[PDB]
>>> print(open('work.txt').read())   # compact mmCIF, C-alpha atoms and all ligand atoms
# COMPACT_ATOMS: atom_id res chain seq x y z
CA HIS A 87 2.28 -12.41 -45.25
CA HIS A 88 2.92 -16.03 -46.32
CA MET A 89 4.75 -17.52 -43.31
CA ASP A 90 5.22 -21.24 -43.94
CA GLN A 91 4.19 -24.24 -46.06
CA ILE A 92 3.63 -27.63 -44.41
CA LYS A 93 3.38 -30.65 -46.73
CA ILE A 94 1.22 -33.45 -45.30
CA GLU A 95 2.45 -36.57 -47.18
CA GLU A 96 0.16 -39.46 -48.16
CA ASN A 97 -0.36 -41.80 -45.11
CA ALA A 98 1.50 -39.40 -42.73
CA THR A 99 0.44 -39.42 -39.03
CA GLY A 100 0.86 -36.94 -36.15
CA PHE A 101 -1.70 -34.54 -37.72
CA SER A 102 -4.58 -34.19 -35.24
CA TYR A 103 -5.96 -30.59 -35.11
CA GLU A 104 -4.30 -30.26 -31.67
CA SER A 105 -0.87 -31.04 -33.26
CA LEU A 106 -1.49 -28.97 -36.44
CA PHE A 107 -2.85 -25.79 -34.73
CA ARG A 108 -0.53 -25.86 -31.62
CA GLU A 109 2.02 -23.19 -32.77
CA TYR A 110 -0.69 -20.60 -33.72
CA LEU A 111 -3.06 -21.03 -30.84
CA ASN A 112 -2.47 -19.54 -27.38
CA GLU A 113 -4.44 -17.97 -24.41
CA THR A 114 -4.74 -14.62 -26.30
CA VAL A 115 -7.06 -16.15 -29.00
CA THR A 116 -10.72 -15.18 -28.22
CA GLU A 117 -12.26 -15.32 -31.73
CA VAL A 118 -12.00 -17.85 -34.59
CA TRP A 119 -13.30 -17.81 -38.23
CA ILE A 120 -13.55 -20.96 -40.34
CA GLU A 121 -14.39 -21.04 -44.10
CA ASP A 122 -14.90 -24.56 -45.37
CA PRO A 123 -17.42 -25.54 -48.09
CA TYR A 124 -17.43 -29.24 -46.90
CA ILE A 125 -19.00 -29.66 -43.42
CA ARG A 126 -21.94 -31.93 -44.49
CA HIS A 127 -21.07 -35.70 -44.10
CA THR A 128 -20.97 -37.41 -40.62
CA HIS A 129 -17.12 -37.47 -40.51
CA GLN A 130 -16.95 -33.76 -41.63
CA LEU A 131 -19.48 -32.78 -38.89
CA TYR A 132 -17.32 -34.69 -36.29
CA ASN A 133 -14.13 -33.04 -37.68
CA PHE A 134 -15.71 -29.58 -36.97
CA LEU A 135 -16.79 -30.78 -33.46
CA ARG A 136 -13.18 -31.93 -32.68
CA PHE A 137 -11.90 -28.57 -34.00
CA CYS A 138 -14.33 -26.79 -31.53
CA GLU A 139 -13.36 -29.18 -28.66
CA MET A 140 -9.69 -28.14 -29.15
CA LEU A 141 -10.57 -24.39 -29.12
CA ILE A 142 -12.59 -24.56 -25.87
CA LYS A 143 -10.48 -27.04 -23.81
CA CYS A 146 -7.76 -21.78 -24.60
CA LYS A 147 -10.13 -18.71 -24.28
CA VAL A 148 -12.34 -18.74 -27.45
CA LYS A 149 -15.73 -17.12 -26.94
CA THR A 150 -16.78 -16.73 -30.62
CA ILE A 151 -16.52 -19.16 -33.55
CA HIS A 152 -17.79 -18.20 -37.03
CA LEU A 153 -18.42 -20.95 -39.59
CA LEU A 154 -18.99 -20.20 -43.29
CA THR A 155 -20.04 -23.43 -45.15
CA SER A 156 -22.38 -24.70 -47.90
CA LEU A 157 -25.81 -26.09 -47.01
CA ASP A 158 -26.37 -29.65 -48.26
CA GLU A 159 -28.97 -29.88 -51.01
CA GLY A 160 -29.49 -33.63 -50.72
CA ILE A 161 -29.75 -36.47 -48.17
CA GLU A 162 -27.00 -35.00 -45.84
CA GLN A 163 -29.11 -31.84 -45.21
CA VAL A 164 -30.99 -33.31 -42.14
CA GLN A 165 -27.86 -34.49 -40.23
CA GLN A 166 -25.90 -31.37 -41.29
CA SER A 167 -28.67 -29.10 -39.78
CA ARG A 168 -29.18 -31.28 -36.66
CA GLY A 169 -25.39 -31.61 -36.22
CA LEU A 170 -24.53 -27.92 -36.57
CA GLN A 171 -27.45 -26.88 -34.24
CA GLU A 172 -26.34 -29.50 -31.65
CA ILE A 173 -22.69 -28.20 -31.83
CA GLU A 174 -24.02 -24.59 -31.45
CA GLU A 175 -26.20 -25.58 -28.37
CA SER A 176 -23.31 -27.50 -26.73
CA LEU A 177 -20.99 -24.47 -27.32
CA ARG A 178 -23.73 -22.11 -25.92
CA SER A 179 -23.73 -24.30 -22.74
CA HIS A 180 -19.89 -23.62 -22.55
CA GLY A 181 -20.46 -19.81 -22.88
CA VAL A 182 -19.25 -19.93 -26.50
CA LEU A 183 -21.07 -18.29 -29.42
CA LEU A 184 -21.13 -20.31 -32.69
CA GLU A 185 -22.34 -18.36 -35.72
CA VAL A 186 -23.11 -20.43 -38.81
CA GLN A 187 -23.51 -18.81 -42.25
CA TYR A 188 -24.27 -20.62 -45.51
CA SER A 189 -23.27 -19.97 -49.11
CA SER A 190 -23.51 -22.12 -52.25
CA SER A 191 -20.87 -19.81 -53.89
CA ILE A 192 -17.92 -20.55 -51.49
CA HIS A 193 -14.69 -22.16 -52.73
CA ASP A 194 -11.95 -21.06 -50.24
CA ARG A 195 -10.68 -23.12 -47.25
CA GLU A 196 -9.39 -20.77 -44.56
CA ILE A 197 -9.03 -20.79 -40.73
CA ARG A 198 -8.37 -17.43 -38.99
CA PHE A 199 -7.44 -16.73 -35.35
CA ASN A 200 -7.81 -13.20 -33.87
CA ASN A 201 -4.08 -13.17 -32.95
CA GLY A 202 -3.33 -12.66 -36.70
CA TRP A 203 -2.61 -16.28 -37.76
CA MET A 204 -4.31 -17.79 -40.83
CA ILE A 205 -4.21 -21.48 -41.87
CA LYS A 206 -5.22 -22.58 -45.39
CA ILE A 207 -5.46 -26.37 -45.87
CA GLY A 208 -5.96 -27.68 -49.44
CA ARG A 209 -8.54 -30.25 -48.23
CA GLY A 210 -9.86 -27.96 -45.42
CA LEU A 211 -10.39 -29.89 -42.14
CA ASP A 212 -11.24 -33.04 -44.24
CA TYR A 213 -7.66 -34.34 -44.72
CA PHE A 214 -7.81 -37.72 -42.95
CA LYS A 215 -8.17 -41.12 -44.62
CA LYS A 216 -10.95 -43.55 -43.61
CA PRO A 217 -9.84 -45.93 -40.78
CA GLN A 218 -8.58 -49.38 -41.91
CA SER A 219 -11.40 -50.84 -39.70
CA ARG A 220 -14.03 -49.91 -37.07
CA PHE A 221 -11.52 -50.62 -34.24
CA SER A 222 -8.18 -49.52 -35.81
CA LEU A 223 -5.69 -47.36 -33.83
CA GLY A 224 -6.34 -43.80 -34.97
CA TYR A 225 -10.13 -44.27 -35.07
CA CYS A 226 -10.39 -41.98 -31.97
CA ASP A 227 -6.84 -40.49 -31.62
CA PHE A 228 -6.28 -38.49 -34.84
CA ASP A 229 -2.47 -38.37 -34.28
CA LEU A 230 -2.51 -42.08 -35.22
CA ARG A 231 -4.86 -41.55 -38.25
CA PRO A 232 -3.18 -41.72 -41.73
CA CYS A 233 -3.69 -38.59 -43.88
CA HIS A 234 -4.44 -37.83 -47.53
CA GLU A 235 -1.68 -35.82 -49.23
CA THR A 236 -2.34 -32.09 -48.66
CA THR A 237 -0.69 -28.68 -48.39
CA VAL A 238 -1.04 -26.42 -45.32
CA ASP A 239 -0.25 -22.73 -45.95
CA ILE A 240 0.38 -20.48 -42.95
CA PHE A 241 -0.24 -16.72 -43.14
CA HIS A 242 -0.11 -13.79 -40.70
CA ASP A 243 -1.80 -10.36 -40.91
CA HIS B 87 1.45 -50.58 -1.27
CA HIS B 88 -1.73 -48.40 -1.47
CA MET B 89 -0.43 -45.06 -2.83
CA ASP B 90 -3.40 -42.78 -3.46
CA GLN B 91 -7.20 -42.56 -3.84
CA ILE B 92 -8.69 -40.35 -6.57
CA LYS B 93 -12.40 -39.59 -6.28
CA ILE B 94 -14.08 -38.94 -9.64
CA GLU B 95 -17.20 -36.91 -8.69
CA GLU B 96 -20.53 -37.20 -10.54
CA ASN B 97 -20.40 -35.05 -13.77
CA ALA B 98 -16.66 -34.24 -13.28
CA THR B 99 -14.60 -33.57 -16.45
CA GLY B 100 -10.84 -33.65 -17.24
CA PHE B 101 -10.74 -37.49 -16.96
CA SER B 102 -9.63 -38.85 -20.34
CA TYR B 103 -7.30 -41.90 -19.99
CA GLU B 104 -4.40 -39.63 -21.04
CA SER B 105 -5.16 -37.29 -18.05
CA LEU B 106 -5.87 -40.15 -15.59
CA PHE B 107 -2.83 -42.37 -16.43
CA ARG B 108 -0.28 -39.48 -17.00
CA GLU B 109 1.57 -39.73 -13.61
CA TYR B 110 2.10 -43.54 -13.87
CA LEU B 111 2.94 -43.94 -17.52
CA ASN B 112 6.37 -43.02 -18.90
CA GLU B 113 8.96 -44.10 -21.57
CA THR B 114 10.12 -47.07 -19.34
CA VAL B 115 6.72 -48.92 -19.57
CA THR B 116 6.93 -51.80 -22.10
CA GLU B 117 4.24 -54.18 -20.81
CA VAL B 118 0.66 -53.60 -19.63
CA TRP B 119 -1.97 -55.91 -18.02
CA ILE B 120 -5.66 -55.01 -17.84
CA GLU B 121 -8.34 -57.02 -16.00
CA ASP B 122 -11.86 -55.72 -16.71
CA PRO B 123 -14.98 -57.93 -16.92
CA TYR B 124 -16.81 -55.31 -19.09
CA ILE B 125 -15.09 -55.02 -22.51
CA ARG B 126 -18.26 -56.25 -24.31
CA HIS B 127 -20.30 -53.38 -25.82
CA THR B 128 -19.29 -51.03 -28.69
CA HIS B 129 -18.58 -48.12 -26.26
CA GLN B 130 -16.55 -50.45 -23.94
CA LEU B 131 -14.51 -51.76 -26.96
CA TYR B 132 -13.85 -48.09 -28.01
CA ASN B 133 -12.82 -47.31 -24.41
CA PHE B 134 -10.24 -50.20 -24.61
CA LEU B 135 -9.07 -48.93 -28.09
CA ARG B 136 -8.49 -45.36 -26.72
CA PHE B 137 -6.54 -46.92 -23.82
CA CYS B 138 -4.35 -48.84 -26.37
CA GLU B 139 -3.93 -45.65 -28.52
CA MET B 140 -2.56 -43.83 -25.42
CA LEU B 141 -0.08 -46.68 -24.64
CA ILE B 142 1.16 -46.87 -28.28
CA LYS B 143 1.51 -43.13 -29.10
CA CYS B 146 5.68 -44.53 -24.57
CA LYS B 147 7.25 -47.88 -25.67
CA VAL B 148 4.49 -50.48 -24.92
CA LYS B 149 5.12 -53.71 -26.84
CA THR B 150 2.77 -56.19 -25.02
CA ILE B 151 -0.79 -55.67 -23.75
CA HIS B 152 -2.69 -58.42 -21.91
CA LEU B 153 -6.50 -58.19 -21.63
CA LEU B 154 -8.47 -60.43 -19.24
CA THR B 155 -12.25 -59.92 -19.78
CA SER B 156 -15.59 -61.80 -19.72
CA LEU B 157 -17.39 -63.04 -22.82
CA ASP B 158 -20.92 -61.64 -23.14
CA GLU B 159 -23.42 -64.54 -22.49
CA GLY B 160 -25.64 -63.64 -25.48
CA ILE B 161 -25.41 -62.77 -29.20
CA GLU B 162 -23.35 -59.59 -28.30
CA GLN B 163 -20.32 -61.95 -27.98
CA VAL B 164 -20.04 -62.06 -31.87
CA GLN B 165 -19.52 -58.24 -32.03
CA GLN B 166 -17.18 -58.22 -28.90
CA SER B 167 -15.04 -61.12 -30.37
CA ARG B 168 -14.91 -59.42 -33.84
CA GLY B 169 -14.06 -56.00 -32.33
CA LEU B 170 -11.34 -57.46 -30.04
CA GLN B 171 -9.78 -59.24 -33.06
CA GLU B 172 -9.78 -55.92 -35.01
CA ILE B 173 -7.98 -54.13 -32.10
CA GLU B 174 -5.43 -57.04 -31.95
CA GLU B 175 -4.78 -56.85 -35.78
CA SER B 176 -4.36 -53.03 -35.68
CA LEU B 177 -1.93 -53.51 -32.72
CA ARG B 178 -0.04 -56.25 -34.61
CA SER B 179 0.44 -53.78 -37.55
CA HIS B 180 2.05 -51.37 -34.96
CA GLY B 181 4.45 -54.11 -33.72
CA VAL B 182 2.38 -54.55 -30.56
CA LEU B 183 1.25 -57.90 -29.19
CA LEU B 184 -2.28 -57.96 -27.72
CA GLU B 185 -3.18 -61.10 -25.78
CA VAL B 186 -6.90 -61.55 -25.02
CA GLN B 187 -8.08 -64.08 -22.42
CA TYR B 188 -11.67 -64.68 -21.31
CA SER B 189 -12.90 -65.73 -17.87
CA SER B 190 -16.50 -66.10 -16.55
CA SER B 191 -15.07 -66.02 -12.95
CA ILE B 192 -13.34 -62.55 -13.03
CA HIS B 193 -14.80 -59.60 -11.07
CA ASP B 194 -11.86 -57.28 -10.23
CA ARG B 195 -10.88 -54.20 -12.25
CA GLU B 196 -7.10 -53.78 -12.32
CA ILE B 197 -4.61 -52.04 -14.65
CA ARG B 198 -0.90 -52.90 -14.16
CA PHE B 199 2.14 -51.26 -15.75
CA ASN B 200 5.62 -52.98 -15.96
CA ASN B 201 7.14 -50.04 -13.92
CA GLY B 202 5.30 -51.22 -10.74
CA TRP B 203 2.19 -48.97 -10.85
CA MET B 204 -1.31 -50.48 -10.43
CA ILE B 205 -4.59 -48.58 -11.00
CA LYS B 206 -7.94 -50.00 -9.78
CA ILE B 207 -11.05 -48.12 -11.03
CA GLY B 208 -14.45 -49.05 -9.47
CA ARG B 209 -16.19 -48.90 -12.87
CA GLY B 210 -13.04 -50.12 -14.77
CA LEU B 211 -12.50 -48.10 -18.02
CA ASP B 212 -16.32 -47.65 -18.34
CA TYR B 213 -16.69 -44.53 -16.14
CA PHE B 214 -18.03 -41.96 -18.60
CA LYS B 215 -21.67 -40.79 -18.91
CA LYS B 216 -23.49 -40.76 -22.24
CA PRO B 217 -22.92 -37.54 -24.28
CA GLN B 218 -25.75 -34.87 -23.99
CA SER B 219 -26.31 -35.25 -27.77
CA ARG B 220 -24.78 -36.86 -30.91
CA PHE B 221 -22.69 -33.69 -31.57
CA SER B 222 -21.94 -32.40 -28.06
CA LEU B 223 -18.43 -31.27 -26.96
CA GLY B 224 -16.91 -34.30 -25.23
CA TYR B 225 -18.36 -36.78 -27.74
CA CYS B 226 -14.75 -37.23 -29.10
CA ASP B 227 -12.53 -35.48 -26.47
CA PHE B 228 -13.08 -37.37 -23.17
CA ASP B 229 -11.56 -34.54 -21.11
CA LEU B 230 -14.87 -32.72 -21.91
CA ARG B 231 -17.02 -35.83 -21.19
CA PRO B 232 -18.93 -35.83 -17.83
CA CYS B 233 -18.18 -38.85 -15.61
CA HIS B 234 -20.16 -41.23 -13.39
CA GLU B 235 -19.08 -41.07 -9.73
CA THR B 236 -16.18 -43.54 -9.23
CA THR B 237 -13.13 -44.28 -7.10
CA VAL B 238 -9.61 -44.74 -8.53
CA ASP B 239 -7.16 -46.59 -6.22
CA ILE B 240 -3.43 -46.34 -6.97
CA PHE B 241 -0.97 -49.05 -5.87
CA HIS B 242 2.77 -49.73 -6.36
CA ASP B 243 4.62 -53.10 -6.00
CL CL C 1 -8.24 -34.20 -34.45
CL CL C 2 -13.31 -40.04 -39.60
CL CL C 3 -10.06 -41.23 -23.28
CL CL C 4 7.66 -43.81 -11.08
CL CL C 5 -18.82 -43.27 -25.44
>>> encode(input="work.txt", output="structure tokens")
Amino acid sequence: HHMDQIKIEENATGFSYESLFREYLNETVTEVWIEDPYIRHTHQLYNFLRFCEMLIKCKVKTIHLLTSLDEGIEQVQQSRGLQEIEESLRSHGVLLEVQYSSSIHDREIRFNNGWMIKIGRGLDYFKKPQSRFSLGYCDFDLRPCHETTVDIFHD
Amino acid sequence: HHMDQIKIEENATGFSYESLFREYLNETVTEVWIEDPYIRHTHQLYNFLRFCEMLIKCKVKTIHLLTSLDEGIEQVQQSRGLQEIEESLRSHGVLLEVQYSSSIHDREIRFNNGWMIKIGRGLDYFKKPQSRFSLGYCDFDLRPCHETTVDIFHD
């Protein structure tokens, strides 16, 4: 069932993952699935980390990530980054399962309460900060966004 | 008036600035003063930025920072970073006033509503993250702390 459509306008703020996922996430959620072909660059690896921080801060014990393995220069940090996130989650009693596919195109987030969130840009919807010390560098509610569509579904 | 003493134990979590300053910061606060000799290094400048993000997200219009200039070459990066924070604040309609003193030793945060918060380590009370991609790297509520005392005062 298609439940809602949220339009994130160009340069819009108030879209941290905490703000965006709020309505669909509650204490009953114990398992999460994320399909995103673009978790390779530093900022994309940190976006996934912040998504995991939100889920554990909330009773998630299992996170599944389906992504594409980087073929080039990003491969080393992508591997080191994803293994570090998995080890940090393990230390929190959380299982992270990473699967790779070069044939993935869909961007989909699924919670075991039945909610599904499809973002056009996946988790990678923020613009680069104006500077190294600009407001919104750390608090993503103050970070301007790229124009994107968020589609909400329920099982 | 000395109001309360909060002991931050070694390796304690749940101490982001948002969590720590919650009880003393409300819609009525329009002006903030911070005295901290250690707003020099990249991590200390980011600490100050996250403190400003919290105040701006509340109707704070004026922020005063009294700090110490680093004695060495690090002063170039501290001065540049502080100017970047001031320009980002300016763009948000917020005035940041930075003053430097080689004779300041006290750590004191003052809100216009009468509340005063003195942290032993100032804003710089977090431990280094376990790894580059560990939970708590971005969300400070998951970041382990150094042992410190927080003293609360009211005018
Ligand atoms: Cl976020
Ligand atoms: Cl970023
Ligand atoms: Cl913080
Ligand atoms: Cl009060
Ligand atoms: Cl840090």
>>> interface_residues(input="work.txt", of="chain B", to="chain A", cutoff="9 Å", atoms="all atoms listed in the file", output="ChimeraX atom specification")
/B:131-132,135-136,138-140,142-143,169-177,180,218-227,229-230
>>> atom_distance(input="work.txt", atom1="CA of residue 92 (chain B)", atom2="CA of residue 236 (chain B)")
8.6 Å
>>> axis_aligned_box(input="work.txt", around="region 200-218 of chain A", padding_each_side="6 Å", output="AutoDock Vina command-line options")
--center_x -6.9 --center_y -31.0 --center_z -41.2 --size_x 20.6 --size_y 48.7 --size_z 28.5
>>> residues_near_ligand(input="work.txt", ligand="ligand CL 4 (chain C)", cutoff="12 Å", atoms="only C-alpha atoms and all ligand atoms", output="count of residues only")
19
>>> residues_near_ligand(input="work.txt", ligand="ligand CL 2 (chain C)", cutoff="7 Å", atoms="only C-alpha atoms and all ligand atoms", output="list in words")
residues 129, 214, 216, 217 and 225 of chain A
>>> residues_around(input="work.txt", residues="residue 185 (chain B)", least_positions_apart="3", cutoff="12 Å", atoms="only C-alpha atoms", output="ChimeraX atom specification")
/B:117-121,149-155,170-171,173-175,177-178,182,188
>>> residues_near_point(input="work.txt", point="(-17.7, -39.4, -10.0)", cutoff="10 Å", atoms="all atoms listed in the file", output="MDAnalysis selection string")
chainID B and resid 92:99 213:215 232:238
>>> closest_residue(input="work.txt", among="B:197, B:184, B:148, B:211", to="ligand CL 3 (chain C)", atoms="all atoms listed in the file")
B:211
>>> atom_distance(input="work.txt", atom1="CA of residue 210 (chain A)", atom2="CA of residue 196 (chain A)")
7.3 Å
>>> atom_distance(input="work.txt", atom1="CA of residue 87 (chain A)", atom2="CA of residue 105 (chain A)")
22.4 Å
>>> closest_residue(input="work.txt", among="A:125, A:157, A:141, A:192", to="ligand CL 1 (chain C)", atoms="only C-alpha atoms and all ligand atoms")
A:141
